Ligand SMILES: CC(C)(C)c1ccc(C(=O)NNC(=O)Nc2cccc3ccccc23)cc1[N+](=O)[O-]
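Shown below, as structure tokens, is a lone chain in the form deposited without the ligand; questions about how it binds or moves come after it.
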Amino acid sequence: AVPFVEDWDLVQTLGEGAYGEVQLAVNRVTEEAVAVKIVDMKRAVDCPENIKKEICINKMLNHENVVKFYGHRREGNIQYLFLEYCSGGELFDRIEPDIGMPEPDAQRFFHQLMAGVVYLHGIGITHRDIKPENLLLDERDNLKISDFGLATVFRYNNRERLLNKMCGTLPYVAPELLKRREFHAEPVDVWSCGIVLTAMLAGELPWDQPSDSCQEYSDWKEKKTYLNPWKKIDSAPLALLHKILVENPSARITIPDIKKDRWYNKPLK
């Protein structure tokens, strides 16, 4: 860390998490910028194995819609992960509160989100924490899936396993996480993509949690799309949301069928 900081300026904090923080590092000579995730392993006993997993998963990734991993190094009880600096910031800050963003921008980001998710699923990795705060943008507004601290392997070669960890950010979690002891990985990530799409189109999350005790979730199950956030959403993207935000994960739309959706394929302004 000491020789690195002699040549690289840790200009500012980019973000904070339970792990620690992400800093913007700029080389004094070349002016190259790198995001440096700093993790204090002392914050948990499981942390060395946890960060080893995030590092291991990061080593497997190579795709245009996934944040590039350069390497890592341990300095005492501190872990340093070196990542592609995504200068467009978080997708979250492209979302105007209670408004969202223009429909063509939401469509383009959603296509890039699907490309990234198809790639992860194809190598047997599930993210488990898809949300606008974990979707970054590069200097050309290309979406990059970020933050693999909760990611895990769901398929070993051509053999799937069921997951059982109640993972992620509650307004983004699929209802089976509160109903089933074990469940398929891929429909969980599909559900969270549907929540991201809802947020991009309406600038609002539809519910605290997808429970029958949550009124807003009951309203959706009852097709009350004349209520917020749904009433702000045009019928074409809402028809896709009706297929994604399906309670039973076995009846939920799969990504190959999202790719056949009319709004997904719709040429917009």
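Shifts are known only where both forms have a C-alpha. Each form is matched to the other, and the largest set of C-alpha atoms that superpose within 1.5 Å is called the rigid core. Residues carry their position along the shown sequence, with the first being 1.
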{"property": "Missing coords for residue 54 in a third or more of other PDB entries", "result": "no"}
{"property": "Residue 44 left out of the model in a third or more of other PDB entries", "result": "yes"}
{"property": "Which of 125-133 and 73-81 has higher mean CA B factor, as the PDB entry lists it", "result": "73-81"}
{"property": "Mean C-alpha B-factor comparison - 248-256 and 7-15, higher one", "result": "7-15"}
{"property": "Candidate set 64, 54, 219, 234 [ranked by C-alpha B-factor, highest]", "result": "54"}
{"property": "Residue selected from 98, 176, 147, 186 by maximal Cα B factor", "result": "98"}
{"property": "Cα B factor band for residue 90 (lowest, middle or highest third within the chain)", "result": "lowest"}
{"property": "Cα B factor band for residue 102 (lowest, middle or highest third within the chain)", "result": "middle"}
{"property": "Ranked C-alpha temperature factor of residue 165 among modelled chain residues, by third", "result": "highest"}
{"property": "Record-listed C-alpha B factor of residue 42: chain third", "result": "highest"}
{"property": "Among modelled residues of the same chain, the CA temperature factor third for residue 155", "result": "lowest"}
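What follows is about the form solved in complex with the ligand, which we do not show.
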query	finding
Contacting member of 128, 94, 121, 184, with respect to the ligand in the deposited bound form [4.5 Å, heavy atom]	94
Among 159-167, 94-102, 176-184, 111-119, the region lying within 4.5 Å of the ligand in the deposited bound form by heavy atom distance	94-102
Contact label in the deposited bound form: residue 204 to the ligand, heavy atom within 4.5 Å	yes
Exercise: residue 199 in contact with the ligand in the deposited bound form, heavy atom 4.5 Å	yes
Residues from 132-166 in contact with the ligand (non-hydrogen atom within 4.5 Å) in the deposited bound form	132, 133
From 231, 59, 223, 28, residue displaced between this form and the one not shown - CA threshold 2 Å or more, rigid core	28
Rigid core fit then residue 9 CA moved by 2 Å or more between this form and the one not shown	yes
Shifted regions of at least three residues between this form and the one not shown, judged by C-alpha displacement of 2 Å or more after core alignment	1-9, 27-31
